[PDB]
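Beneath this line is the structure, given in structure tokens, with notes to follow.
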Amino acid sequence: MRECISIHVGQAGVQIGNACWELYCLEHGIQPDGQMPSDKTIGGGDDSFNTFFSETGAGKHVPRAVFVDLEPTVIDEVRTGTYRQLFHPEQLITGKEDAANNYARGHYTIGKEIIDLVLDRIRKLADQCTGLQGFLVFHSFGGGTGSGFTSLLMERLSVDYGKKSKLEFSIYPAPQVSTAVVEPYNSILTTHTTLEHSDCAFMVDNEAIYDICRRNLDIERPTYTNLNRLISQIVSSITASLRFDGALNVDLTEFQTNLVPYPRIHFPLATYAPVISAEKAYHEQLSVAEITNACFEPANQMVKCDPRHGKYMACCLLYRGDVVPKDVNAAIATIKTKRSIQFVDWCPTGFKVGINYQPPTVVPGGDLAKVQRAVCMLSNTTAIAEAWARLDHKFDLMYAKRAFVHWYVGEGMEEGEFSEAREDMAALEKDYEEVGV
Amino acid sequence: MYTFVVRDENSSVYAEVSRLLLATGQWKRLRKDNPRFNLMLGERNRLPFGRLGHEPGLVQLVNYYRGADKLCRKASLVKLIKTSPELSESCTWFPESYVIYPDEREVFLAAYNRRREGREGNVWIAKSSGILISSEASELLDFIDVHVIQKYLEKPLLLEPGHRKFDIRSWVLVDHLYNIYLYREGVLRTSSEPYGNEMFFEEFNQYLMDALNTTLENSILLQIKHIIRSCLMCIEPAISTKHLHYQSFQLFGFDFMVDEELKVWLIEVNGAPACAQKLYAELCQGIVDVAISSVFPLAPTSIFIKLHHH
Amino acid sequence: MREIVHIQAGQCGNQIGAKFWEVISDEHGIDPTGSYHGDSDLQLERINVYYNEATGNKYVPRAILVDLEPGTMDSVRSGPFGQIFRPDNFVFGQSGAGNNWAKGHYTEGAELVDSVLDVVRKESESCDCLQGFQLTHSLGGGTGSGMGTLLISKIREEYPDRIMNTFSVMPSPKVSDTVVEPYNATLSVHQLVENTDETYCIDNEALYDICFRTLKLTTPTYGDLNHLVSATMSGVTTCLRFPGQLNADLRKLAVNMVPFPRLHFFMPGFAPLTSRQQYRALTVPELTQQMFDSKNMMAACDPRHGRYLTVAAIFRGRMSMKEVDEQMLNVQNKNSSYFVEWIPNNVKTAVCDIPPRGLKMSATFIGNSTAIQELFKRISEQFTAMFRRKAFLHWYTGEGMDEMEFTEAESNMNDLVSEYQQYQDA
Amino acid sequence: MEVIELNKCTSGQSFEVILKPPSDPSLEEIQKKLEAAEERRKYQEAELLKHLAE
Ligand SMILES: Nc1nc2c(ncn2[C@@H]2O[C@H](COP(=O)(O)OP(=O)(O)OP(=O)(O)O)[C@@H](O)[C@H]2O)c(=O)[nH]1
Ligand SMILES: Nc1ncnc2c1ncn2[C@@H]1O[C@H](COP(=O)(O)OP(=O)(O)CP(=O)(O)O)[C@@H](O)[C@H]1O
Ligand SMILES: Nc1nc2c(ncn2[C@@H]2O[C@H](COP(=O)(O)OP(=O)(O)O)[C@@H](O)[C@H]2O)c(=O)[nH]1
Ligand SMILES: COc1cc(Cn2cc3ccc4cnoc4c3c2)cc(OC)c1
Ligand SMILES: [Ca+2]
Ligand SMILES: [Ca+2]
Ligand SMILES: [Ca+2]
Ligand SMILES: [Mg+2]
Ligand SMILES: [Mg+2]
């Protein structure tokens with residue numbers, strides 16, 4: 001058994017982490033007090049769920065998690081929430097002044113004051129690991145802490161844990177639920193600094209989650225809780241292979257091996273189905289063929305783009321529930337005759353498939369209906385470069401007038417870091433074009 | 001009040017569509033780089049499809065189908081027609097072509113040498129997306145030093161009196177629902193030389209009745225509608241914007257040749273076509289009616305023929 | 001635990017500041033005795049931003065009351081909520097400033113500024129994490145104008161890494177005490193351009209026009225004018241005082257509203273403005289349209305004569321947030337030419353469930369528009385009319401100032417106008 | 001259409017289906033850049049306090 005440590009940075013990372021760890025406890029039968037009646041090895045064990053949970057002598061299953069935020073109000077909810085007993089105070093790290101939506105403040109000014117404290121607490125989790133695989137980092141692109149402190153932490157993790165893997169769950173900024181005009185700045189600044197430190201990054205666009213919540217859950221104005229309930233399901237079906245018995249994506253290294261042929265092109269596109277409303281009493285259970293075909297509808301992707309006008313480098317199908325291999329291959333055989341699936345010439349046109357018979361768990365009283373079978377498709381398509389092109393364009397509009405730049409230089413940043421970060425993104429857009437065009 | 005932007009000032013068709021949109025009083029033209037628009041009359045090259053359908057609270061419509069260039073580029077049309085299972089099976093209406101990179105060099109000469117061996121008609125036209133027509137394959141390959149080598153219709157239908165060659169231009173509108181509308185009016189561009197140079201359908205129909213005892217609909221237009229439907233249905237799974245965050249429509253220009261046996265051949269598809277001077281007003285109004293007002297309604301026969309498909 | 005230290009200076013600063021504390025104390029359920037008697041959890045969750053907690057479950061405003069004469073501050077101490085203020089936080093002199101910026105800034109006010117900084121220090125030393133300061137004052141008088149900007153400069157020296165926010169009342173010949181108001185305001189604007197992060201421009205011309213034309217008040221009093229200021233100040237601080245989906249502080253407001261350091265002067269706006277119909281229910285589309293209407297702006301500048309750099313809207317009351325986002329996006333899409341294209345998505349809307357007193361729902365508008373140059377042009381013209389003849393300058397040279405300090409103040413304000421016009425045509 | 005690498009267990013099942021075959025900065029460097037930004041912060045603040053002292 002090899003352990004995975006989760007790190008949640010900023011409001012978006014913390015609130016999402018709280019939703020993920022609640023869902024994890026429901027999936028593994030871990031009560032809010034930390035007890036797990038199904039676990040017969042008291043105070044130890046090398047089971048699959050021990051990748052995310054350690055065990056105390058009293059039988060409490062403690063997440064291998066650390067929450068960090070430059071202000072205390074969001075993490076205080078973890079100290080008060082239903083799963084407060086799950087964590088010990090050392091896992092919850094808070095500062096005084098937040099980054100005020102300013103990457104320079106989260107990275108340079110305030111992050112530098114707290115970076116050693118965070119690393120020491122992570123080291124305390126790493127010392128309890130017999131064989132750490134690496135880290136899962138949850139953060140926003142637009143937040144001052146989610147962008148600023150994360151890129152500082154990712155730099156330091158590559159130093160202190162050079163042989164370890166680092167996967168990212170990143171919230172791409174959407175104006176409908178944004179909090180700052182400078183989120184394009186923070187998004188590009190943190191991508192430039194984190195690029196060579198992340199082995200695989202899963203971008204979730206809030207625009208896609210918002211619209212999926214509106215059109216599939218009939219939610220008029222989705223709040224953060226609505227979005228995080230859906231995001232937690234997508235994160236769970238991605239990390240399920242690390243928490244349960246399986247053979248696909250069983251360690252963080254296999255995520256890079258199966259999805260990232262080129263190191264810079266490490267942003268797989270996630271597609272999840274089905275999303276059914278709980279208020280919908282009469283529900284018709286979708287088949288394997290129907291949910292697999294839904295993996296190719298852009299309205300079900302975590303980032304809105306058109307994979308038809310791109311090229312696939314890698315594809316992974318993660319099924320949960322009543323799915324048999326034969327049904328998958330019949331669905332794939334039908335889909336290839338109809339859909340536009342173009343792979344690059346230097347890669348095999350194929351799918352790595354993983355099935356876990358346990359159907360998805362939904363939060364009781366939530367908006368999501370319990371289904372018999374669901375699938376998450378991870379596909380590294382060049383089409384996700386559209387999201388970079390949109391983001392770089394919004395960056396170029398503000399930066400052409402140097403708007404808001406003084407708040408960053410005022411914290412010790414240099415104007416050249418902006419252009420240096422933008423040139424990298426320009427090179428990244430070129431890397432995607434050279435692969436798929 | 002709907003908003004639209006103009007990003008192709010050279011488009012004579014959509015300069016008229018823009019003129020009609022403002023003449024309704026319910027459309028407002030914004031600056032070309034204003035993202036808060038409903039309709040984009042976009043540019044022919046490098047249209048930022050990746051930035052459409054991302055403005056909150058806006059239904060955005062563009063006048064171009066992303067990926068439609070596969071049909072409007074001569075080399076892409078040949079490869080598409082040759083590799084698509086829905087087309088390559090037939091293609092009895094498409095002249096024999098070969099994509100020759102400056103590759104099917106061996107396959108062209110194989111069919112070419114067969115024609116000279118059998119003393120058959122061995123005249124091929126080479127073009128790109130500068131044209132040379134020759135009966136010697138050596139002159140063709142040297143002319144292109146990506147091009148395509150197509151068979152030149154050695155037996156075209158010649159209008160009389162005048163012994164003149166012609167082509168047929170048809171305008172096809174595809175809306176956001178992927179309905180295929182064929183404009184009722186085409187044009188015949190006469191060569192004016194023995195084998196303003198524009199003959200419309202009413203006269204051409206009368207000629208076919210007088211000279212050949214048949215009708216345009218029966219002798220030519222059935223094959224035209226068949227070719228238009230085959231080409232557009234073939235790429236529909238690749239370009240449709242049915243469940244997309246933005247919607248697309250596009251006006252196409254199909255170009256046909258007619259041989260002396262009243263058989264219709266496809267020549268090219270134009271993604272950015274101009275119109276006939278007499279027909280600009282009617283067609284641009286139909287574009288507003290079925291392609292623009294359908295998505296953005298405003299506060300009777302049809303000038304289009306709806307090519308029915310599943 | 002991010003605390004804001006509030007400072008009110010001069011007659012106008014103490015009068016609008018005292019009304020601010022009456023209004024938000026009522027919203028947070030704090031009686032005049034400092035005891036909480038509200039019925040909502042939202043009232044107390046972020047109460048620490050503006051209130052300290054004394055023993056006995058009392059809440060004391062973190063407010064400092066300053067004036068060079070005791071008159072206005074005696075009215076506060078005798079006023080409704082006068083007993084809720086910390087008695088040590090009353091810092092007052094006896095001489096007054098004579099509606100003279102030089103007396104406030106250089107002679108009379110320098111004598112008193114040290115004891116004000118002592119009270120600021122004691123409040124700041126007991127802050128878990130200080131956000132910065134909000135100051136209420138006028139620019140046309142002497143204490144709030146002259147001594148207020150002297151305070152701002154000295155506070156910045158001791159707290160250079162904290163936010164400085166002001167509610168600055170602009171003078172108008174429609175509501176004028178002395179003819180030297182353009183002098184005092186031009187000297188203050190010079191200080192504000194350099195030493196504040198966020199200034200709410202509260203033009204008395206607009207307040208008078210709203211009372212006269214909209215509210216149909218033939219003879220508006222300062223109480224009528226301050227009724228609008230209380231309402232506006234409640235709205236613009238809603239997202240600092242109450243928990244919601246978007247929790248703000250003084251620094252997040254500055255970062256997102258101020259694209260260039262000097263252009264930090266905001267147009268406030270409020271809806272509804274109803275003449276006593278106060279029972280009639282306003283729809284979300286109506287609030288949104290009135291909120292952007294120039295007749296609801298508190299800065300006497302026509303927004304259609306400029307372009308919006310950034311906009312922050314706050315809706316209060318129980319309503320459909322879906323419909324709020326619809327109407328706010330509709331206004332942007334209808335009038336897209338009035339929002340700069342080089343700041344994408346420059347309008348952010350927040351919603352609070354608790355409406356202000358006496359309203360089922362309201363809407364407050366914080367805009368950084370280039371039209372605000374109209375306000376500074378008006379002051380600059382009034383200034384130049386007198387200064388070209390050096391009229392009334394002896395009141396200031398008699399306090400040690402020389403004309404060059406006036407010439408530099410007018411030059412800096414003309415630059416501010418030109419800077420706003422520059423980005424209006426960018 | 002070929003199914004390879006079929007691994008089964010009690011919790012689930014995984015395999016691969018193929019259709020068509022194909023054709024760091026040290027701690028010192030980081031610390032210097034962080035301290036450089038702090039120096040530029042202190043310099044800008046010193047100029048401010050100098051201006052205010054004037
Ligand atoms: N899906 C989702 N997105 C969130 C959530 N919280 C914040 N965001 C997004 O994150 C972005 C803002 O970043 P935050 O995480 O709130 O800021 P931060 O990391 O705490 O850093 P600061 O800006 O200094 O407060 C916005 O674009 C939000 O849409 C959340 O709970 N769920
Ligand atoms: N295989 C063929 N047989 C006979 N004539 C042919 C031919 N291919 C092309 N032509 C001639 O060339 C014309 C169309 O060729 P081409 O595709 O180059 O047009 P074009 O793109 O240069 C201008 P436009 O787009 O307006 O038609 C036909 O109308 C015909 O006169
Ligand atoms: N809105 C409003 N304006 C005021 C009030 N009192 C004074 N003013 C304005 O402030 C200016 C006079 O300044 P004042 O505050 O009396 O001088 P100070 O006490 O020396 O700071 C004039 O422009 C007045 O119109 C008030 O209560 N409300
Ligand atoms: C919405 O109300 C607010 C907002 C704030 C912060 N702010 C201002 C913004 C202006 C434009 C855009 C674009 N995306 O985000 C924002 C903004 C966020 C502070 C506040 O404190 C008084 C009240
Ligand atoms: Ca165990
Ligand atoms: Ca590394
Ligand atoms: Ca004295
Ligand atoms: Mg935060
Ligand atoms: Mg007075």
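Residue positions begin at 1 at the first shown residue.
Header says: X-ray crystallography, 2.3 Å.
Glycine is no exception: its Cβ is also placed from the backbone N, Cα and C atoms.
The annotation GTP binding site is assigned in Swiss-Prot to A:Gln11, A:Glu71, A:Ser140, A:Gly144, A:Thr145, A:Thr179, A:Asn206, A:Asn228 on the grounds of similarity to another entry. In the three-state DSSP reading, A:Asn228 (GTP binding site) counts as helix.
Taken from Swiss-Prot, the feature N6,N6,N6-trimethyllysine applies to A:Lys40, supported by similarity to another entry. DSSP assigns A:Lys40 (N6,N6,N6-trimethyllysine) to coil in the three-state reduction, placing it in neither a helix nor a strand. Around A:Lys40 (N6,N6,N6-trimethyllysine), no same-chain residue at least 6 positions away in sequence has a Cβ under 8 Å from its Cβ.
The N6-acetyllysine annotation in Swiss-Prot covers A:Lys40.
Using a 10 Å Cβ-Cβ cutoff, A:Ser48 (phosphoserine) registers 18 neighbours. Residues annotated as phosphoserine in Swiss-Prot: A:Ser48 (among others).
Residue environment of A:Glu71 (GTP binding site) contains 23 other Cβ atoms, counted within 10 Å of its Cβ in all protein chains. Reduced to three states, the DSSP call for A:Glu71 (GTP binding site) is coil. The feature Mg(2+) binding site is assigned by Swiss-Prot to A:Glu71.
Marked as phosphoserine by Swiss-Prot: A:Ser232 (among others). Counted within 10 Å of its Cβ, the other Cβ atoms near A:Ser232 (phosphoserine) come to 24, all protein chains included.
Per Swiss-Prot, the feature active site maps to A:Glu254. All protein chains considered, the CB of A:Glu254 (active site) has 19 other CB atoms within 10 Å.
Under the heading 3'-nitrotyrosine, Swiss-Prot lists A:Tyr282. Secondary structure at A:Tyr282 (3'-nitrotyrosine), taken from DSSP and collapsed to helix, strand or coil, is coil. Neighbour list (A:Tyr282 (3'-nitrotyrosine), Cβ cut-off 8 Å, at least 6 residues apart, same chain): empty.
Under a cutoff of 8 A between CB atoms, and with a sequence separation of 6+ in the same chain, A:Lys326 (ubiquitin cross-link) has no neighbours. Residues annotated as ubiquitin cross-link in Swiss-Prot: A:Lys326 (among others).
Residues near A:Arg339 (omega-N-methylarginine) in space but far in sequence (CB under 8 A, at least 6 apart, same chain), listed by position: A:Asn293, A:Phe296. What Swiss-Prot records for A:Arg339 is omega-N-methylarginine, and it gives similarity to another entry as the kind of evidence.
Taken from Swiss-Prot, the feature ubiquitin cross-link applies to A:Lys370 (among others). In three-state terms derived from DSSP, A:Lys370 (ubiquitin cross-link) belongs to neither a helical nor a strand segment and is classed as coil. When other Cβ atoms within 10 Å of the Cβ of A:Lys370 (ubiquitin cross-link) are tallied across all protein chains shown, the result is 14.
Checked against A:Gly144 (GTP binding site), the recorded positions A:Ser48, A:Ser232, A:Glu254, A:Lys370 differ in C-alpha distance, with A:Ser232 being the nearest. The two recorded residues, A:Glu71 (GTP binding site) and A:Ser232 (phosphoserine), have Cα atoms 23 Å apart. The 6 Å Cβ screen around ligand 6 retains nothing from the recorded positions A:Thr145, A:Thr179, A:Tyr282, A:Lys326. Proximity to chain C, defined as a CB-CB distance below 8 A, holds for A:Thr179 out of the recorded positions A:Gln11, A:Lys40, A:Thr179, A:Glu254, A:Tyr282. Annotation for A:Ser140 (GTP binding site): spatial neighbours A:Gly10, A:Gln11, A:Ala12, A:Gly13, A:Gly146, A:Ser147, A:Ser170, A:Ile171, A:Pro173, criterion Cβ-Cβ under 8 Å with sequence separation of six or more. Comparing the binding-site residues A:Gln11, A:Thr145, A:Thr179 by how many other C-beta atoms lie within 10 angstroms of each C-beta, the top residue is A:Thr145. A straight line from the CA of A:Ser48 (phosphoserine) to the CA of A:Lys370 (ubiquitin cross-link) spans 24 Å. Nearest neighbour of A:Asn206 (GTP binding site) by Cα distance, taken over the recorded positions A:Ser232, A:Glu254, A:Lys370: A:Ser232. Cβ environment of A:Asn228 (GTP binding site): A:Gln15, A:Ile16, A:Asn18, A:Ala19 lie under 8 Å away, each six or more residues apart in the same chain. For A:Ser232 (phosphoserine), the nearest neighbour among the listed recorded positions (A:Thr145, A:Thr179, A:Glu254, A:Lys370), judged by C-alpha distance, is A:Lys370.
Look at the Cβ of each of the binding-site residues A:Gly144, A:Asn206 and count the other Cβ atoms within 10 Å; the largest number goes with A:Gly144. Of the recorded residues, A:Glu254 (active site) and A:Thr145 (GTP binding site) place their C-alpha atoms 29 Å from one another.
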